[PDB]
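J.: Sharing protein-v8.cif, mmCIF, N, CA, C and O atoms:
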```cif
data_structure
#
loop_
_atom_site.label_atom_id
_atom_site.label_comp_id
_atom_site.auth_asym_id
_atom_site.auth_seq_id
_atom_site.Cartn_x
_atom_site.Cartn_y
_atom_site.Cartn_z
N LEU S 1 0.83 -1.20 0.00
CA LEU S 1 0.00 0.00 0.00
C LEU S 1 0.87 1.25 0.00
O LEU S 1 0.39 2.36 -0.24
N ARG S 2 2.15 1.06 0.27
CA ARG S 2 3.09 2.18 0.30
C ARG S 2 4.48 1.71 -0.10
O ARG S 2 4.79 0.52 -0.03
N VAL S 3 5.33 2.66 -0.51
CA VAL S 3 6.69 2.33 -0.91
C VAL S 3 7.68 3.23 -0.17
O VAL S 3 7.54 4.45 -0.18
N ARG S 4 8.68 2.62 0.44
CA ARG S 4 9.70 3.38 1.17
C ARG S 4 10.84 2.46 1.58
O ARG S 4 10.62 1.30 1.90
N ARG S 5 12.06 2.99 1.56
CA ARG S 5 13.25 2.21 1.94
C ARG S 5 14.53 2.97 1.59
O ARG S 5 14.50 4.16 1.31
N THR S 6 15.66 2.26 1.60
CA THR S 6 16.95 2.86 1.29
C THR S 6 17.82 1.90 0.50
O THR S 6 18.77 1.32 1.04
N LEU S 7 17.49 1.71 -0.77
CA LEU S 7 18.25 0.79 -1.62
C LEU S 7 18.23 1.20 -3.09
O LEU S 7 19.01 2.05 -3.53
N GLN S 8 17.32 0.59 -3.83
CA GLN S 8 17.16 0.87 -5.24
C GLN S 8 15.82 1.52 -5.44
O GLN S 8 14.80 0.98 -5.04
N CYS S 9 15.85 2.69 -6.02
CA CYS S 9 14.65 3.46 -6.24
C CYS S 9 14.37 3.67 -7.72
O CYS S 9 15.14 4.30 -8.44
N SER S 10 13.24 3.13 -8.15
CA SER S 10 12.82 3.25 -9.54
C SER S 10 11.43 3.87 -9.60
O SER S 10 10.60 3.64 -8.71
N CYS S 11 11.18 4.68 -10.63
CA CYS S 11 9.88 5.33 -10.76
C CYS S 11 9.31 5.11 -12.16
O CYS S 11 10.05 4.91 -13.12
N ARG S 12 7.98 5.14 -12.27
CA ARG S 12 7.33 4.94 -13.57
C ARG S 12 6.17 5.89 -13.77
O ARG S 12 5.41 6.15 -12.84
N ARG S 13 6.03 6.39 -14.99
CA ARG S 13 4.94 7.31 -15.31
C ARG S 13 3.60 6.74 -14.92
O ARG S 13 3.34 5.55 -15.10
N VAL S 14 2.77 7.61 -14.39
CA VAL S 14 1.43 7.25 -13.93
C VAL S 14 0.70 8.48 -13.35
O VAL S 14 0.49 8.56 -12.15
N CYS S 15 0.35 9.43 -14.21
CA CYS S 15 -0.33 10.66 -13.77
C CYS S 15 0.59 11.51 -12.92
O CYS S 15 0.28 12.65 -12.63
N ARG S 16 1.72 10.93 -12.53
CA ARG S 16 2.68 11.65 -11.69
C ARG S 16 3.82 10.74 -11.27
O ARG S 16 4.39 10.87 -10.18
N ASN S 17 4.15 9.82 -12.12
CA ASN S 17 5.20 8.90 -11.80
C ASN S 17 4.79 8.02 -10.61
O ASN S 17 3.98 8.42 -9.78
N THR S 18 5.37 6.84 -10.56
CA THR S 18 5.09 5.89 -9.49
C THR S 18 6.35 5.71 -8.69
O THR S 18 7.43 5.97 -9.20
N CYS S 19 6.19 5.27 -7.44
CA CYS S 19 7.32 5.09 -6.55
C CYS S 19 7.51 3.63 -6.17
O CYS S 19 6.65 3.04 -5.51
N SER S 20 8.64 3.07 -6.58
CA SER S 20 8.94 1.69 -6.27
C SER S 20 10.37 1.56 -5.75
O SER S 20 11.32 1.88 -6.47
N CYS S 21 10.53 1.07 -4.52
CA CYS S 21 11.86 0.88 -3.95
C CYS S 21 12.05 -0.60 -3.67
O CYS S 21 11.28 -1.19 -2.91
N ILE S 22 13.05 -1.21 -4.30
CA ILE S 22 13.29 -2.65 -4.13
C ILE S 22 14.73 -3.02 -4.48
O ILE S 22 15.38 -2.33 -5.25
N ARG S 23 15.20 -4.11 -3.91
CA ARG S 23 16.56 -4.57 -4.18
C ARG S 23 16.70 -5.03 -5.62
O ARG S 23 17.73 -4.82 -6.26
N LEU S 24 15.65 -5.67 -6.11
CA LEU S 24 15.64 -6.19 -7.48
C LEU S 24 14.65 -5.43 -8.35
O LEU S 24 13.53 -5.14 -7.92
N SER S 25 15.06 -5.10 -9.57
CA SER S 25 14.20 -4.37 -10.50
C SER S 25 13.07 -5.26 -11.01
O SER S 25 12.73 -5.22 -12.19
N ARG S 26 12.49 -6.04 -10.11
CA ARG S 26 11.39 -6.93 -10.48
C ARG S 26 10.10 -6.14 -10.64
O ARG S 26 10.00 -5.00 -10.18
N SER S 27 9.11 -6.73 -11.31
CA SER S 27 7.84 -6.06 -11.52
C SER S 27 7.08 -5.92 -10.20
O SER S 27 6.42 -6.85 -9.75
N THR S 28 7.19 -4.74 -9.59
CA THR S 28 6.51 -4.48 -8.32
C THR S 28 5.00 -4.53 -8.50
O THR S 28 4.28 -5.11 -7.69
N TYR S 29 4.52 -3.90 -9.57
CA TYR S 29 3.08 -3.87 -9.85
C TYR S 29 2.83 -3.81 -11.35
O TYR S 29 3.71 -3.43 -12.12
N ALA S 30 1.63 -4.20 -11.76
CA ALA S 30 1.27 -4.19 -13.17
C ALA S 30 0.36 -3.01 -13.49
O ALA S 30 0.23 -2.61 -14.65
N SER S 31 -0.26 -2.45 -12.46
CA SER S 31 -1.16 -1.31 -12.65
C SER S 31 -0.38 0.00 -12.60
O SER S 31 -0.93 1.07 -12.88
N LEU V 1 20.15 14.76 -4.80
CA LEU V 1 19.51 15.73 -5.67
C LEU V 1 18.46 15.06 -6.55
O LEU V 1 18.72 14.03 -7.16
N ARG V 2 17.27 15.65 -6.60
CA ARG V 2 16.19 15.10 -7.41
C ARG V 2 15.97 13.62 -7.08
O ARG V 2 16.44 13.13 -6.06
N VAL V 3 15.25 12.93 -7.96
CA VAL V 3 14.98 11.51 -7.76
C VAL V 3 16.16 10.67 -8.24
O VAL V 3 16.45 10.60 -9.43
N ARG V 4 16.83 10.04 -7.28
CA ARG V 4 17.99 9.20 -7.58
C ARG V 4 17.91 7.88 -6.82
O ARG V 4 17.03 7.68 -5.99
N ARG V 5 18.84 6.98 -7.12
CA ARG V 5 18.87 5.68 -6.46
C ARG V 5 20.18 5.46 -5.75
O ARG V 5 21.16 6.11 -6.07
N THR V 6 20.16 4.52 -4.80
CA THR V 6 21.33 4.15 -4.02
C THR V 6 21.46 5.06 -2.82
O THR V 6 22.54 5.23 -2.25
N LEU V 7 20.35 5.66 -2.47
CA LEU V 7 20.32 6.59 -1.34
C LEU V 7 19.08 6.39 -0.46
O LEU V 7 18.98 5.39 0.25
N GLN V 8 18.14 7.34 -0.51
CA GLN V 8 16.93 7.26 0.29
C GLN V 8 15.74 7.28 -0.65
O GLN V 8 15.72 8.04 -1.62
N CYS V 9 14.78 6.42 -0.37
CA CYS V 9 13.61 6.30 -1.22
C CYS V 9 12.34 6.66 -0.46
O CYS V 9 11.98 6.00 0.51
N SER V 10 11.68 7.71 -0.92
CA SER V 10 10.45 8.17 -0.30
C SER V 10 9.37 8.41 -1.35
O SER V 10 9.67 8.65 -2.52
N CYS V 11 8.11 8.32 -0.94
CA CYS V 11 7.01 8.53 -1.87
C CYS V 11 5.89 9.34 -1.21
O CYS V 11 5.81 9.40 0.02
N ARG V 12 5.02 9.94 -2.02
CA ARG V 12 3.90 10.73 -1.45
C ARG V 12 2.70 10.75 -2.39
O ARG V 12 2.86 10.68 -3.61
N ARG V 13 1.49 10.86 -1.82
CA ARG V 13 0.27 10.89 -2.61
C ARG V 13 0.23 12.11 -3.51
O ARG V 13 0.70 13.18 -3.15
N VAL V 14 -0.35 11.90 -4.68
CA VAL V 14 -0.48 12.96 -5.69
C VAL V 14 -1.27 12.47 -6.91
O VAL V 14 -0.85 12.65 -8.04
N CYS V 15 -2.42 11.85 -6.67
CA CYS V 15 -3.26 11.32 -7.76
C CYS V 15 -2.88 9.89 -8.04
O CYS V 15 -3.60 9.15 -8.72
N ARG V 16 -1.71 9.51 -7.55
CA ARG V 16 -1.19 8.16 -7.78
C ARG V 16 0.21 8.00 -7.21
O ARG V 16 1.08 7.36 -7.80
N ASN V 17 0.42 8.55 -6.06
CA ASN V 17 1.72 8.45 -5.44
C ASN V 17 2.80 9.06 -6.32
O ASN V 17 2.78 8.94 -7.55
N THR V 18 3.75 9.69 -5.67
CA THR V 18 4.88 10.31 -6.35
C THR V 18 6.14 9.62 -5.92
O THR V 18 6.16 8.97 -4.86
N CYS V 19 7.17 9.78 -6.73
CA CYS V 19 8.45 9.16 -6.48
C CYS V 19 9.49 10.21 -6.14
O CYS V 19 9.88 11.01 -6.99
N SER V 20 9.92 10.18 -4.89
CA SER V 20 10.93 11.11 -4.42
C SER V 20 12.02 10.36 -3.69
O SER V 20 11.82 9.88 -2.57
N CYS V 21 13.19 10.28 -4.31
CA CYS V 21 14.33 9.60 -3.70
C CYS V 21 15.47 10.60 -3.61
O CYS V 21 15.80 11.27 -4.59
N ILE V 22 16.03 10.74 -2.41
CA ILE V 22 17.09 11.72 -2.19
C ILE V 22 18.00 11.32 -1.02
O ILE V 22 17.75 10.33 -0.34
N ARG V 23 19.07 12.08 -0.82
CA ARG V 23 20.01 11.79 0.26
C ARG V 23 19.65 12.62 1.47
O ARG V 23 20.48 12.84 2.35
N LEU V 24 18.41 13.07 1.49
CA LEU V 24 17.91 13.89 2.60
C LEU V 24 18.73 15.17 2.74
O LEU V 24 19.43 15.58 1.82
N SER V 25 18.63 15.79 3.91
CA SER V 25 19.35 17.02 4.19
C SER V 25 18.69 18.17 3.45
O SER V 25 19.14 19.32 3.52
N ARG V 26 17.62 17.85 2.73
CA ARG V 26 16.89 18.86 1.97
C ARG V 26 15.39 18.72 2.15
O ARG V 26 14.89 17.64 2.49
N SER V 27 14.67 19.81 1.93
CA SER V 27 13.23 19.80 2.06
C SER V 27 12.58 19.34 0.77
O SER V 27 12.59 20.05 -0.24
N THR V 28 12.01 18.14 0.81
CA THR V 28 11.35 17.57 -0.36
C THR V 28 9.91 17.18 -0.02
O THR V 28 9.67 16.13 0.57
N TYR V 29 8.97 18.04 -0.40
CA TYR V 29 7.55 17.79 -0.14
C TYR V 29 7.30 17.72 1.36
O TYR V 29 6.68 18.61 1.95
N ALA V 30 7.78 16.65 1.98
CA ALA V 30 7.62 16.46 3.42
C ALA V 30 6.14 16.39 3.79
O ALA V 30 5.57 17.35 4.31
N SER V 31 5.52 15.24 3.54
CA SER V 31 4.11 15.05 3.86
C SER V 31 3.95 14.30 5.18
O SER V 31 4.29 14.82 6.24
#
```
So, in terms of structure tokens, how does the structure I just supplied come out?

T.:
Amino acid sequence: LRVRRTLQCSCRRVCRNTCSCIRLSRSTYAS
Amino acid sequence: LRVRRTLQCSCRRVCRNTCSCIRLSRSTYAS
């Protein structure tokens, strides 16, 4: 329901970019 | 500076969550 941490930070367009923080650039979400 | 990786990862609501990653020490939205 939320994204936060201190590792790898990736963002994706979505009305205002999306926030995904994860060790692996895996598909966090499909929506 | 701006949204970067390998530092601090933070996010905030804005129609679909926003992506804000920084090394802190600066005022970024702060919700």

J.: Can you pull out the residues contacting stretch 17-22 of chain V? Cut-off 4.5 Å, using only N, CA, C and O atoms, and skip same-chain residues under 3 positions away; I want them as a list in words.

T.: residues 16, 17, 18 and 19 of chain S; 2, 3, 4, 7, 8, 9, 10, 11, 12, 13 and 14 of chain V

J.: Just checking: using all atoms listed in the file, which residue out of S:6, S:23, S:1, S:28 ends up closest to chain V?

T.: S:6

J.: Calculate the C-alpha RMSD, in Å to one decimal, after superposing chain S onto chain V by least squares over all C-alpha atoms paired in sequence order.

T.: 3.4 Å

J.: If you run DSSP on this backbone, which residues of chain S come out as strand (DSSP E or B), and could you give them as a PyMOL selection string?

T.: chain S and resi 5+9-12+18-21

J.: Grab the residues selected above and save them as a PDB file, in the frame of the given file with N, CA, C and O atoms.

T.:
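Below you can see out.pdb, which holds the result:
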```pdb
ATOM      1  N   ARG S   5      12.060   2.990   1.560  1.00  0.00           N
ATOM      2  CA  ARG S   5      13.250   2.210   1.940  1.00  0.00           C
ATOM      3  C   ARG S   5      14.530   2.970   1.590  1.00  0.00           C
ATOM      4  O   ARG S   5      14.500   4.160   1.310  1.00  0.00           O
ATOM      5  N   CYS S   9      15.850   2.690  -6.020  1.00  0.00           N
ATOM      6  CA  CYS S   9      14.650   3.460  -6.240  1.00  0.00           C
ATOM      7  C   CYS S   9      14.370   3.670  -7.720  1.00  0.00           C
ATOM      8  O   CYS S   9      15.140   4.300  -8.440  1.00  0.00           O
ATOM      9  N   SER S  10      13.240   3.130  -8.150  1.00  0.00           N
ATOM     10  CA  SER S  10      12.820   3.250  -9.540  1.00  0.00           C
ATOM     11  C   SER S  10      11.430   3.870  -9.600  1.00  0.00           C
ATOM     12  O   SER S  10      10.600   3.640  -8.710  1.00  0.00           O
ATOM     13  N   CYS S  11      11.180   4.680 -10.630  1.00  0.00           N
ATOM     14  CA  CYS S  11       9.880   5.330 -10.760  1.00  0.00           C
ATOM     15  C   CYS S  11       9.310   5.110 -12.160  1.00  0.00           C
ATOM     16  O   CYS S  11      10.050   4.910 -13.120  1.00  0.00           O
ATOM     17  N   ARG S  12       7.980   5.140 -12.270  1.00  0.00           N
ATOM     18  CA  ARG S  12       7.330   4.940 -13.570  1.00  0.00           C
ATOM     19  C   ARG S  12       6.170   5.890 -13.770  1.00  0.00           C
ATOM     20  O   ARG S  12       5.410   6.150 -12.840  1.00  0.00           O
ATOM     21  N   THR S  18       5.370   6.840 -10.560  1.00  0.00           N
ATOM     22  CA  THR S  18       5.090   5.890  -9.490  1.00  0.00           C
ATOM     23  C   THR S  18       6.350   5.710  -8.690  1.00  0.00           C
ATOM     24  O   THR S  18       7.430   5.970  -9.200  1.00  0.00           O
ATOM     25  N   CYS S  19       6.190   5.270  -7.440  1.00  0.00           N
ATOM     26  CA  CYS S  19       7.320   5.090  -6.550  1.00  0.00           C
ATOM     27  C   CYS S  19       7.510   3.630  -6.170  1.00  0.00           C
ATOM     28  O   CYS S  19       6.650   3.040  -5.510  1.00  0.00           O
ATOM     29  N   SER S  20       8.640   3.070  -6.580  1.00  0.00           N
ATOM     30  CA  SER S  20       8.940   1.690  -6.270  1.00  0.00           C
ATOM     31  C   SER S  20      10.370   1.560  -5.750  1.00  0.00           C
ATOM     32  O   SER S  20      11.320   1.880  -6.470  1.00  0.00           O
ATOM     33  N   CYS S  21      10.530   1.070  -4.520  1.00  0.00           N
ATOM     34  CA  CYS S  21      11.860   0.880  -3.950  1.00  0.00           C
ATOM     35  C   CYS S  21      12.050  -0.600  -3.670  1.00  0.00           C
ATOM     36  O   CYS S  21      11.280  -1.190  -2.910  1.00  0.00           O
TER      37      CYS S  21
END
```

J.: Grab the atom C of residue S:25 to atom C of residue V:27 distance for me, in Å with one decimal place.

T.: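 Straight-line distance from atom C of residue S:25 to atom C of residue V:27 works out to 27.3 Å.
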
J.: One decimal, Å: what's the distance from atom N of residue S:5 over to atom N of residue S:31, could you say?

T.: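 Pair atom N of residue S:5 / atom N of residue S:31 returns 19.4 Å.
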
J.: Rounded to one decimal place, report the atom C of residue S:26-atom CA of residue V:26 distance in Å.

T.: 28.8 Å
